[PDB]
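What follows is one structure encoded as structure tokens, with my remarks underneath.
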Ligand SMILES: *Cc1c(COP(=O)(O)O)cnc(C)c1O
Ligand SMILES: *Cc1c(COP(=O)(O)O)cnc(C)c1O
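The structure is reproduced here in structure tokens:
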């Protein structure tokens, strides 16, 4: 995606490394001649580029046609008439099946700015790049504005554990229209029970309510920083922690304790200076954290990365727990996808690790917007300044560590009621709800790999609880067009999910729709 | 509030100024003797403290009992038995009237961390410090878990323009339970019309949907930074722009272009280095912006500050518009409180100023969580990379300025429908809805000042459209306890609001409840 920003920052550190000038000083457009580089400096720079890229640029170019970083970036940024006639007639039958979605997207592109209108954009199939617009949904099905049914394995990006509009959720909304709901303004009469139930479900000691996962992450870091008096923070390459700037970064090349590089335009490097990216599940990284000792305010890990539902790095995490625990560093587990999905107690319970702060979201909102930060009082006390009682003469003891948090829509009266219902339902259903969801998901992946193995197809399915992804070398973007044409709705992020509402016939139509589609390009020349 | 952090940072710059050592180097606990300060350096430091504080500290203290910054801070941080017996019997009749709220707060303090359990905390009246818990609401009334009615002038912090549960909002939720709502996952079939209506209501060219005002602000800055290739940003002292860290700062003392100081523990100064606070409506500040020239990525102003609904700085803002416009700097107006409140077209329409980006929230969500960022394509193009069409061979032209934004709950299907209804209702009602709300609010404030003037009371009411505040030298915290005891619910932030649902009797009971209460401490010894 945002590659040129990454290429620019890579050279800006390669140059800075070989020459000695601080990178916050290297104009990206200045001609190379004026940096005054040695000939070994220039071969070393030529080498890092031959390594990290395919290209071998003759150093003469640096003095002629590629005389500044900007121009190296633009250069460094770089079909059978058999296959053509299959897709030419695909793009046809496709676009004709979803023409309403394309018309609605064309008609609202400008007035409604949304980065999802761009996903899987390519200059040559631009006649078929637009999101699918939905009109309705129920259980595991979804209907687009053309009328096409879908089996939904997107499930609101993981929100809808129980499918769309499960009966107990609908009745909660219906109940809220009759009962003259308390308003925003005064405090929730229901957040108390939601928290208690969460504490019982998960082991955490105190619980706080925000408006999204991004907000929950943002606030968690602020809590680790306020409690440790520290400022630096490690997160891991490939994790996803929301869109708060202070976590939107990339790994500074061959860096250990080295500040990170911005992910994309508009993220200023100032926001990166208290952030370190390290590789996940590689023993070197614990050493760097160990090396940092009493430096880190926090380590923030996505227990199981939504990108790699395979990497279930048990050993890493317990090791990660020991390290952070003796250095007084807060361990922050991001359970926004896995919490209340792998099991009622989350990743913390599945890996038998107890973190200092966790963040929840997605499922725990019942369909409504929600982000939560919860954990030990030692940090949570930064939110209110510590417990106290009436009748004694106590006081917020952490008053001088108390930070700033707020929010208009915190503990929203409807949202708190939808959460409350999710938890009651989950504590009413047994462990056996999760066992039946996981085992349903295992079946689907097993019986998919078994079809891939028996006919030698470059596709494998990966899994953690009910979260599963495809892994293949074939052109995914086009494969997933075929699924979505085949009535199996998969958003562009390709995080797939099953719900308790997915039946036998849904589990079938999925395994089938991909069987027919591997047969659809086999017979199109994409084996 | 977070004063010790501000005192510490003040000295850390006073010391650094007089001595020359960079403040990011001054250990806050090191003994003063070791900084090696001259005797004029030490008198100059003694002077800045006598100025900015009341205290005159003899320099000997710096070498004995106050030998480090930490100890200066703790020191620098510094009742008739007639009055006592009134409040002693108040705290009584109060707590007895709201004992359910106090019991619920005690019972959930620890399990539910929430900074609002602390507001108006004081060690001596700690027997009466807890939020009011609400059970119900309708129109302009709200009921606590004890049963006490209230006239609500909080109105969800400005959310409920039309009161609690106006009929057209309820019927929207009711409609959504029957109709098998489309899900999160695929894109909204309704966001297109919401945006168009907003464009027609407000003048903006493109519109984007997030999850809170904090998110909307956060994303707006990211857009100004991505479009201008710049990173520094000015915001103004006393504004409120959400809880995104990169705006949580305070004015570095006597600074113009100087980076700001963190607001509170846990905000690292790295986040402050691309942020400048300046005084609002003071001609010096436009000069500093002028001086910065092509430096600023953005200026972010709260058109009318929710703290000072008086300061309606017409002249400042148009001047602010000219400046930012010729330097290619994005002007960002934060209309989260004033948008769709002063009038359908917001502060932009009331002051006849057209900004580059605006943020909306609160009201525009219909009761549901929502934050919006909208403005000229020149910046909004950073969200999707620019319009394009089918049938031609166009392309996202701003592709290399495109930043990163996301969000699970963006354009939530219910929320988009509640927004859609707000706008239809607002475009169905005339300008005359706003004229009748404003004129209703003017009456209430006029007839309040007229009662204050005729009996010489240190209280004045301030106003912008339907937003009004109290301004008084008497102890507000206790005054507002009396109102809330008097059945007039005012949250701790004291931003007050009228709704279209406030009747003649509500407008009366308010003017009255404060009349009786000024008479309640007149007869208690607080004139
Ligand atoms: C989705 C997700 C987030 C962001 O959640 P929002 O509700 O979109 O802010 C953060 N962390 C993880 C691990 C996620 O899966
Ligand atoms: C309330 C408010 C915000 C923050 O809104 P949230 O919805 O609580 O994030 C930001 N700016 C202004 C001017 C506000 O009044």
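Residue numbers (the deposited numbering), protein chains in the order written: chain A, 5 to 82, 98 to 546; chain A', 5 to 82, 98 to 546. A prime marks a further copy of an entry chain. C-beta: ideal position from N, C-alpha, C; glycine also.
Subject >> residue 353(A) Cβ short of 7 Å to ligand 1 heavy atom set >> reply: Yes; taking the cut-off as 7 Å, the Cβ of residue 353(A) has a heavy atom of ligand 1 nearer than that.
For chain A, is any of its Cβ atoms less than 8 Å away from the one on residue 253(A')? No, no contact with chain A.
- Would you please state the rounded distance, in angstroms, between the beta carbons of residue 3(A) and residue 30(A)? I believe it to be under 8 Å. Because chain A in this structure spans residues 5 to 546, residue 3(A) falls outside the shown range and cannot be described.
Euclidean distance between Cα positions of residue 530(A') and residue 286(A)
C-alpha separation (whole angstroms): 49 Å.
Q: Note the first and the last residue of the continuous beta strand (DSSP E) segment covering residue 163(A').
A: Looking at the DSSP string, the run of the beta strand (DSSP E) that includes residue 163(A') is 160-163.
So does the region 206-222 of chain A' actually touch the region 286-303 of chain A', counting three or more Cβ pairs closer than 8 Å?
Fewer than three pairs of CB atoms, one per stretch, sit closer than 8 Å, so the region 206-222 of chain A' makes no contact with the region 286-303 of chain A'.
Chain A' contacts made by the region 202-227 of chain A, where a contact means CB separation under 9 Å:
The region 202-227 of chain A vs chain A', Cβ under 9 Å: 202, 203, 204, 205, 206, 207, 208, 210, 211, 212, 213, 214, 215, 217, 218, 224, 225, 226, 227.
Quiz item: Going along the chain, which residues of its own chain have a beta-carbon closer than 7 Å to the beta-carbon of residue 195(A'), five neighbours each way excluded?
Solution: Within the same chain, residue 195(A') has close Cβ partners 433, 436.
Helix, strand or coil, according to DSSP, for residue 251(A) in the structure here? Strand at residue 251(A).
**OP:** Taking only heavy atoms of ligand 1 into account, decide whether any of them is closer than 7 Å to the Cβ of residue 231(A).
**Re:** Yes - ligand 1 has a heavy atom lying nearer than 7 Å to the Cβ of residue 231(A).
| request: Measure the Cβ-Cβ separation of residue 519(A') and residue 452(A') and say whether it is below 8 Å. | output: Going by C-beta atoms, residue 519(A') is nearer than 8 Å to residue 452(A').
query = Using a Cβ-Cβ distance under 8 Å, would residue 268(A') count as near chain A?
reply = No, no contact with chain A.
Given 7 Å as the limit, tell me if residue 428(A') has its C-beta closer than that to any heavy atom belonging to ligand 1. Answer for residue 428(A'): yes, Cβ within range of ligand 1.
Answer with yes or no whether the minimum CB distance from residue 6(A) to chain A' is below 8 Å.
Under the Cβ distance rule, residue 6(A) counts among the residues neighbouring chain A', one pair being separated by less than 8 Å.
Hey, is residue 244(A')'s beta-carbon within less than 8 Å of any beta-carbon in chain A? Put simply, the CB of residue 244(A') is near chain A, with a gap under 8 Å to one of its CB atoms.
Under a three-way DSSP split, which group does residue 153(A') fall into?
Residue state, collapsed to three classes: strand.
For residue 295(A), report the span of its beta strand (DSSP E) as first-last.
From DSSP, the beta strand (DSSP E) with residue 295(A) extends over 294-297.
Is it the case that the CB of residue 431(A) approaches a heavy atom of ligand 1 more closely than 7 Å? Result no, Cβ not under 7 Å from ligand 1.
Beta strand (DSSP E) containing residue 349(A): first to last residue? Where residue 349(A) is concerned, the enclosing beta strand (DSSP E) stretches over 349-353.
Residue 33(A'): buried (16+ other C-beta within 10 angstroms of its C-beta) or exposed? The residue in question, residue 33(A'), is exposed, as its Cβ has fewer than 16 Cβ neighbours within 10 Å.
Inter-residue Cα distance where the pair is residue 260(A) and residue 106(A'): A straight-line Cα-Cα distance of about 49 Å links residue 260(A) and residue 106(A').
So that I know if they touch, is there some Cβ in chain A' lying closer than 8 Å to that of residue 133(A)?
Residue-level contact by beta carbon holds for residue 133(A) and chain A', with a gap shorter than 8 Å.
C-alpha distance - residue 423(A') paired with residue 274(A), whole-angstrom precision: Taking the straight line joining both Cα atoms gives about 24 Å.
- Quick one, which of 136(A), 169(A), 250(A), 81(A) has its alpha-carbon nearest residue 116(A)'s? For residue 116(A), the nearest C-alpha among the options comes from 169(A).
- Query: Pick from 479(A'), 111(A'), 47(A'): whose alpha carbon is nearest that of residue 146(A')?
  - Reply: Comparing alpha carbon positions, the residue from 479(A'), 111(A'), 47(A') closest to residue 146(A') is 111(A').
> By Cβ distance, which residues of its chain are closer than 6 Å to residue 233(A), with the 5 residues on each side in sequence left out?
Replying inline: 261, 262, 263, listed in sequence order.
| task | Indicate, with yes or no, if ligand 2 has a heavy atom lying under 7 Å from the CB of residue 321(A'). | result | For ligand 2, at least one heavy atom lies less than 7 Å from the Cβ of residue 321(A').
Exercise. Taking all protein chains shown into account, do 16 or more other C-beta atoms lie within 10 angstroms of the C-beta of residue 507(A), making it buried, or fewer, making it exposed?
Worked result: Under this definition residue 507(A) is a buried residue.
Next on the checklist: Using a Cβ-Cβ cutoff of less than 6 Å, which residues in the same chain neighbour residue 216(A') once the five nearest sequence positions on both sides are dropped?
Outcome noted: Only residues of its own chain outside the window of five on either side were considered, and among them 442 have a CB closer than 6 Å to the CB of residue 216(A'), listed in chain order.
Can you tell me whether DSSP reads residue 180(A') as helix, strand or coil? Coil.
Can you name the start and end residues of the alpha helix (DSSP H) that residue 119(A') belongs to? 118-127 is the extent of the alpha helix (DSSP H) around residue 119(A').
Practice task
Tell me, please, whether the CB atom of residue 81(A) is closer than 8 Å to any CB atom in chain A'?
Solution key: False, the Cβ-Cβ gap to chain A' never drops below 8 Å.
Between 352(A), 241(A), 429(A), 545(A), which lies nearest to residue 373(A) when the distance is taken from Cα to Cα?
Answer by Cα proximity: 352(A).
Which full runs of the alpha helix (DSSP H) of 4+ residues lie inside the region 274-350 of chain A, going along the chain?
Complete alpha helix (DSSP H) runs here, min 4: 302-311, 333-345.
- Query: Can the beta-carbon of residue 307(A') be found less than 8 Å from the beta-carbon of residue 276(A')?
  - Reply: Yes, they are a contact pair.
Problem set entry | Neighbouring residues, chain A', relative to residue 408(A) (Cβ below 9 Å) | Identification of chain A' residues near residue 408(A) by a Cβ-Cβ cut-off of 9 Å yields 125, 128, ordered along the chain.
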